[PDB]
Structures are given as C-alpha cells and as structure tokens.
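Peer 1: The structure under discussion is supplied below as structure tokens; questions concerning it will follow.
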There are 2 protein chains.
Amino acid sequence: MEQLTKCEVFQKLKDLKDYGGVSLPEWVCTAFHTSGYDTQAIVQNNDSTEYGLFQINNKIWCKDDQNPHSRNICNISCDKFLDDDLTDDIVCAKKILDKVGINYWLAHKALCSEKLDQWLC
Amino acid sequence: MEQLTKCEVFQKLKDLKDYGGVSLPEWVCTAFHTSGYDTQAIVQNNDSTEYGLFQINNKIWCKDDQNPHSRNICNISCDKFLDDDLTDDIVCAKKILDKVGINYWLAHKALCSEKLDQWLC
Ligand SMILES: [Ca+2]
Ligand SMILES: [Ca+2]
C-alpha cells in the first residue's frame, strides 16, 4: 500500500488537466473516490480485478494472470499500475475516458460536480 | 478468390476494434497489406502455406495436409480460413497478436501508422 496525499495526486496528475474537458480538481476527486489515493490498491470481484489509483480492470483494459483473454485495450500488464510511476496509468486513463467516459469511475453519481475548489492544492 | 471491399472488411472486423490496442482502421490497413482483402488468398513458400485475409500459416497456427506436425496453436484446420465466415479467423488473429504482435503481418515496417483515417469507412 502506498497512499498518496491529495497535493501529491494533484501534482502527479497535472497531465490529465482538462483532458476531455475534465479539470484537474475533478481528476483528484475521482481518484479519492476510486482508490483513496492508494497507488497499490487492488480490488477483486468474482470475475475481475481492478488495479491502482484508477482501478483499471483486467477484463477490458489490461492483461494479467487471472485473465490472459482480456481485451487489453491499453496493451499492458496490470501490475504496471501498481508502481509509483503514474505515467502509464495516465495513458490508459485517457483511453478509458475517451471510450467509456467518467462514469467508469463515478457510476452515474455526481460526486465531483460541487465545490470542486476543495480538491485544489 | 473472394476479394472484399474496404468497407466490408471494416464491418466484418468490428470485433477486433481496439483489441490489444489496435484500432479498427489499423486492422483494415493490415488486411489490405496482407491479402488485398481476399478471404481465399493462399500464399505458398518452400516450407509453409498462409491462409486467408490474415495469411495464417500452417507451421505454428493451423493444421493442414502439408504439415500435420504444425503446432496448431489455434487448434483448427487451415481451410477454415478460406471461407466467408471470418469468426474463427478473428479468434486466431487475436492469438497471433497476443503472442507475436502486429509484426507477424507488418514485418517491422510502419505501414499502418500515418493517415489512419484513410482506412475508415
Ligand atoms: Ca504505473
Ligand atoms: Ca473462416
């Protein structure tokens, strides 16, 4: 487990700023609600496993031992989303947004719409 | 010989979209350079024969009369890649990509990297 600080997340996610119209504060809020800022977070379900800060699944986005038959859209091994370098996690998160949108993370709940200045550092 | 149209190929290959990070236009471009869209294309070498749209060889991927000792990774008879139903060809192409990558088809040449919108239908 390696839980980052809100300010650290804000800094590291600088590259996602306004990507797809999503402001930095919104990306920090999404991260807080997805993994609590833990870059090594791993959550398992009956049929899948989600990895890292962005909880990217091994069913469609990355490939791991549990499911070598994953669509592997991000063309990468899921364990790469468990380290300190968020560079590749960001490259993949951009694809998820582009393809499925912010609901991949927010699930139709408006959790990152009001008082967005609270997520600023 | 049954040469498809670019638009037909685009439609039939819908299932490969973003598989392994390969966009649909890239898959259409690969097909054009591999077989000219001919689903019955057969190309022979001194030691092997390649079949169909994806020119799958009977040395490692499928099994035919010429080489019953093929690794048969796709566990199928090569003639199955000579008909109209690209369903099984796609299942096998996914394996080739997963195992060897796009160079199985492109051979280290960047033929499907620029102006990819030209392959759209
Ligand atoms: Ca990483
Ligand atoms: Ca077939």
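Along the chain as shown, residues are numbered 1 onward.
Note that Cβ sites are derived from N, Cα and C of the backbone, with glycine treated the same way.
Quick paste from Swiss-Prot:
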| type | residues | note |
| --- | --- | --- |
| DISULFID | A:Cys7-A:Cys121 | disulfide bond |
| DISULFID | A:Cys29-A:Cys112 | disulfide bond |
| CARBOHYD | A:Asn46 | N-linked glycosylation site |
| DISULFID | A:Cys62-A:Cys78 | disulfide bond |
| DISULFID | A:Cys74-A:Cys92 | disulfide bond |
| CARBOHYD | A:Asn75 | N-linked glycosylation site |
| BINDING | A:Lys80, A:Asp83, A:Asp85, A:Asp88, A:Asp89 | Ca(2+) binding site |
Peer 1: When you tally the Cβ atoms that lie within 10 Å of each candidate's Cβ, which of the disulfide-bonded residues (A:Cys74, A:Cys92, A:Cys112) has the highest tally?
Peer 2: A:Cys74
Peer 1: Same chain, not part of A:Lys80, A:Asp83, A:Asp85, A:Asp88, A:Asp89: whose C-beta falls within 8 angstroms of the C-beta centre of the Ca(2+) site? Give them in sequence order.
Peer 2: A:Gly52, A:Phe81, A:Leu82, A:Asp84, A:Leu86, A:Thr87
Peer 1: Neighbour count, 10 Å Cβ-Cβ cut-off, for A:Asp89 (Ca(2+) binding site): what number do you get?
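Peer 2: So the number of other Cβ atoms within 10 Å of A:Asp89 (Ca(2+) binding site) is 24.
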Peer 1: I'd like to know which of the binding-site residues A:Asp83, A:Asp85, A:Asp88 has the most other Cβ atoms within 10 Å of its Cβ.
Peer 2: A:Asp88
Peer 1: Indicate whether A:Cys121 (disulfide bond) is helix, strand or coil by DSSP.
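Peer 2: In three-state terms, A:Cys121 (disulfide bond) counts as coil.
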Peer 1: What recorded positions among A:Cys7, A:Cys62, A:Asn75, A:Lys80, A:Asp88, A:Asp89 have a C-beta sitting less than 6 Å from any atom of ligand 1?
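Peer 2: From A:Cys7, A:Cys62, A:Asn75, A:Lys80, A:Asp88, A:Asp89, counting a Cβ under 6 Å from ligand 1 as near, the near ones are A:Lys80, A:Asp88, A:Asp89.
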Peer 1: Taking CB atoms only, which of the recorded positions A:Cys7, A:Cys62, A:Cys74, A:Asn75, A:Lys80 fall under 8 A from chain B?
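Peer 2: It is A:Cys74, A:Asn75, listed by sequence.
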Peer 1: If one measures from the C-alpha of A:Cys74 (disulfide bond) to the C-alpha of A:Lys80 (Ca(2+) binding site), what distance in angstrom results, rounded to a whole number?
Peer 2: 11
Peer 1: Please work out the number of neighbouring Cβ atoms within 10 Å of the Cβ of A:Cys78 (disulfide bond), leaving out its own Cβ.
Peer 2: 25
